[PDB]
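This report concerns only the one structure given below.
Read the figures in this text as sums done on the coordinates, not as results from a lab. Cβ placement follows ideal geometry from the backbone for every residue including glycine, while neighbour counts extend to all protein chains displayed.
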Ligand SMILES: N#Cc1csc(NC(=O)CN2C(=O)CCc3ccccc32)c1-c1ncn[nH]1
């Protein structure tokens, strides 16, 4: 038999013999191992009875189908998909072996970043988001914990979307959305790279909206009327805020600006934040326009952005789901 069992913290990883010296980075649970066939490190993800519920089964199938479908240098790639269980009656675990990077984007927010590396990181996030939007996939739940970094600094994205600090007002207020809903989430990550404090740290959905209007200000009347009247009632009732200007939100001291190059790049950065951190999606800058911003466009590469783009969203019983995933694991 090809596999071998190894104990890792709580769970028992029973992987192939090609993967050796596993190291835990979990929560699915994630292990970092060495592939002996490919001669390089990989990331193994144990899906523990992934068909356990519709939320689990729907996302896991979504993450399966899309990764073997999509192929980008900013969305992590699948290298091997397998299961130790031979039959469907025995089927219990799905292992997703996929490309390994060096660190998490949270680990990066704890650091001082020069404009050169920061604007390149952000550029990369936009490239993947753009390419996802061209497949008809809008992420929505974009977060740093779901973005991985190499010591390059090259960037890749782990998940495909759908801790809540990075969701857009329209997502929070159930308005319905469009492509540029991921420009909000980036502006939350960019501003966090600056402050090092999380921008809108709300304990609940209602509490999080307060931390938006305190800093940015109560959105325009034109925006208000597009809401669910029942929800619109609540927002129109909340106190009015003048909304602090972006120099006051991101003061001089935050940015590295000792040289003239840095001084210019600091305003170009704040000019970007100001366009991304907008409450009304009708006034919020688009991915296409953001890549053309003087801060970002210095990295532009059509070979990456304008790359070729590559089924439904249905309910299934957990008996129906099982077979569905097993089918796509056996491929
Ligand atoms: N799936 C998958 C993954 C494919 S790659 C990857 N993670 C990385 O590449 C980088 N990374 C982390 O992110 C967590 C911290 C960490 C420590 C040591 C080595 C890599 C990582 C993951 C992952 N790590 C944690 N959850 N998911």
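FRET efficiency for residue 25 and residue 225, Cβ-Cβ distance as r, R0 = 51 Å, nearest 0.05?
About 0.65, to the nearest 0.05.
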How large is the helix-only mean residue ellipticity at 222 nm for the chain, computed as the sum of -39500 (n - 2.57) over DSSP H runs with n ≥ 4, divided by its residue count, in deg cm²/dmol to the nearest 500?
-> -11000 deg cm²/dmol
Viscosity 1.002 mPa s, temperature 20 °C, Stokes-Einstein D of segment 266-331 from Kirkwood C-alpha radius, µm²/s | 134
Approximate spin-label separation residue 328-residue 41, in nm, with each point projected 7 Å along Cα-to-Cβ | 2.9
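Scale the Cα Rg of segment 3-102 by the rule-of-thumb value 2.2 N^0.38 Å and send over the ratio, two decimals.
1.05
State the extension gain, in nm to one decimal, for the chain segment bounded by residue 62 and residue 85, taking 0.36 nm per residue of separation less the distance between their alpha-carbons.
6.2 nm
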For q = 0.17, 0.23 Å⁻¹, what log10 I(q)/I(0) does segment 56-97 give under the Debye formula with an equal point scatterer on each alpha carbon and no solvent?
-> -0.53, -0.85
In what order do 280, 141, 204 fall by count of nearby beta-carbon atoms within 10 Å, going from fewest to most?
-> 204, 280, 141
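With only alpha-carbon pairs counted, each pair once and no self-pairs, how large is the Kirkwood hydrodynamic radius of segment 216-304 in angstroms?
Answer for segment 216-304: a Kirkwood hydrodynamic radius of 15.5 Å.
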Cα-Cα pairs in the chain separated by more than 30 Å, as a whole percent of all pairs, come to 42
Rounded, prolate or oblate: which fits segment 183-245, taking a ≥ b ≥ c as square roots of the Cα gyration tensor eigenvalues, rounded meaning a/c under 1.5, else prolate when a/b beats b/c?
-> prolate
